[PDB]
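As a basis for the values below, the full set of heavy atoms in this structure was taken, side chains included, without hydrogen atoms, waters or symmetry mates. Convention: sequence-line order gives letters A, B, ...; per-chain numbering from 1.
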There are 2 protein chains.
Amino acid sequence: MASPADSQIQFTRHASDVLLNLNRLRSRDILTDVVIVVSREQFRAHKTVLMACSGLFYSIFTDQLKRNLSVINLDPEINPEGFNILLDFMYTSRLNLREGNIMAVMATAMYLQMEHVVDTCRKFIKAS
Amino acid sequence: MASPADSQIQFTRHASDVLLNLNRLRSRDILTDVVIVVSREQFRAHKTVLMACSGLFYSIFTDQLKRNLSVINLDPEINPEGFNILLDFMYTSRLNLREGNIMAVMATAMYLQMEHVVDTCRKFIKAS
Ligand SMILES: Cn1ccc2c(ccn2CC(=O)Nc2ccncc2Cl)c1=O
Ligand SMILES: Cn1ccc2c(ccn2CC(=O)Nc2ccncc2Cl)c1=O
């Protein structure tokens with residue numbers, strides 16, 4: 001006895017509402033379970049959201065060896081501004097690309113294994 | 001120095017992709033942190049997603065007194081089928097309403113404090 005997801009009532013704003021509420025929990029540090037250290041800066045997040053948005057974080061936390069880490073030290077060459085823009089993106093679906101930050105954002109998205117964002121960065125370069 | 005979310009590049013499928021990947025993590029029991037007990041049945045979930053989708057779970061886990069609970073026993077009158085349909089909805093944006101399940105689903109959504117789903121249930125009744 002079943003009901004295929006395809007025949008069910010679609011709530012067109014549900015996914016966007018969930019992501020906005022996850023961002024609100026991040027803003028209040030509710031159930032955050034990791035600190036991402038990026039040179040002199042620290043960013044708290046939900047490992048579930050990191051894994052949902054990044055090949056790097058997916059590959060780290062899917063491994064039972066690293067599943068329970070509370071601190072991740074990113075590569076020391078990663079631009080914290082680049083990382084912060086992408087973390088915002090993960091929690092908002094909005095990507096802040098500017099002439100001043102495109103190379104930092106693109107290099108960081110390559111490291112985080114966010115292929116659709118890297119492609120978008122290549123589109124932004126083609127448009128400037 | 002800032003960039004308002006409103007002037008930023010919108011990824012129209014990002015929120016839906018995040019929610020599908022959270023559902024995949026739930027399907028593999030990766031970083032689930034609660035068991036919801038509903039009479040004879042048990043359902044594992046992510047407290048962050050429960051809080052994002054339900055006034056009842058928001059109010060429970062926002063309280064530092066209950067923030068760390070690993071087990072929630074729902075009211076013994078809650079229909080496990082009703083609960084399972086709504087948990088699926090939380091993780092998919094798809095709501096399985098049928099003549100056979102509408103009253104169970106609506107009663108459960110009232111208990112979970114999911115006002116937009118209760119309203120939709122009232123619309124389904126008006127249409128049958
Ligand atoms: C190249 N690459 C690799 C991974 C990736 C992206 C963009 C987002 N993600 C995360 C992801 O797929 N997570 C995931 C996949 C299956 N089950 C659960 C989860 Cl959480 C990417 O571009
Ligand atoms: C009546 N009612 C109450 C709550 C509710 C719904 C539907 C989803 N939610 C969850 C929610 O708002 N969560 C939330 C709010 C602020 N900051 C973080 C989070 Cl996570 C509802 O219909």
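Between chain A and the options B/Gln64, B/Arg28, B/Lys47, heavy-atom pairs under 4.5 Å are most frequent for B/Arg28. Note: B/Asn96 leads B/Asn21, B/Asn96, B/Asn68 in heavy-atom pairs under 4.5 Å with chain A. For chain B, the option among A/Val49, A/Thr92, A/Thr120, A/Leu97 with the highest count of heavy-atom pairs below 4.5 Å is A/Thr120. Ranked by heavy-atom pairs under 4.5 Å with chain A, the list B/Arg94, B/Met51, B/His116 is led by B/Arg94. Of the listed residues (B/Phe124, B/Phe89, B/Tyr91), the greatest number of heavy-atom pairs within a distance under 4.5 Å of chain A belongs to B/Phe89. The candidate with the highest count of non-hydrogen atom pairs below 4.5 Å against chain B, out of A/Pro4, A/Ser16, A/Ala5, is A/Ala5. Ranked by heavy-atom pairs under 4.5 Å with chain B, the first of A/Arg13, A/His46, A/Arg98 is A/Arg98.
If you measure heavy-atom distances from A/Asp88 to chain B, you find no contacts under 4.5 Å at all. Of the atoms belonging to B/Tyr58, it is side-chain heavy atoms, and not backbone ones, that fall under 4.5 Å from chain A. Contact of B/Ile30 with chain A is made through backbone and side chain together, with heavy-atom distances under 4.5 Å. Of the two parts of B/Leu19, only the side chain, counted from C-beta on, holds a non-hydrogen atom closer than 4.5 Å to a non-hydrogen atom of chain A. Heavy atoms of A/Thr62 lying under 4.5 Å from chain B belong exclusively to its side chain. Of the two parts of A/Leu25, only the side chain, counted from C-beta on, holds a non-hydrogen atom closer than 4.5 Å to a non-hydrogen atom of chain B.
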**OP:** May I have the step-by-step check of side-chain contact (heavy atoms from CB on, under 4.5 Å) for A/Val18 and B/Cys53, ending in yes or no?
**Re:** CA-CA 7 Å; A/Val18 169; B/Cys53 293; 3.6 Å; yes
Subject >> side-chain contact (heavy atoms from CB on, under 4.5 Å) between B/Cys121 and B/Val117, intermediate numbers included >> reply: CA-CA 6 Å; B/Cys121 289; B/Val117 168; 4.1 Å; yes
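Shortest non-hydrogen contact noted between A/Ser3 and A/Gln8 is O-NE2, 2.7 Å. Of all non-hydrogen atoms in B/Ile78 and B/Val38, the two that sit nearest each other are O-CG1, 3.6 Å.
Both B/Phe11 and A/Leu87 are part of a single hydrophobic cluster, where members link through side-chain heavy atoms under 4.5 Å apart. Under a hydrophobic clustering in which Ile, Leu, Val, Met, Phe, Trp and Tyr are joined whenever their side-chain heavy atoms come within less than 4.5 Å, directly or via other members, A/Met103 and A/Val105 fall into the same cluster. The hydrophobic cluster containing A/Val35 does not contain A/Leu112, counting ILVMFWY residues as joined when their side-chain heavy atoms lie under 4.5 angstrom apart, directly or transitively.
A salt bridge between B/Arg67 and B/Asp63 is absent, with no side-chain N of the basic residue lying under 4.0 Å from a carboxylate O of the acidic one.
Checking side-chain atoms of A/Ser39 against main-chain N and O of A/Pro76 turns up a donor-acceptor pair under 3.5 Å.
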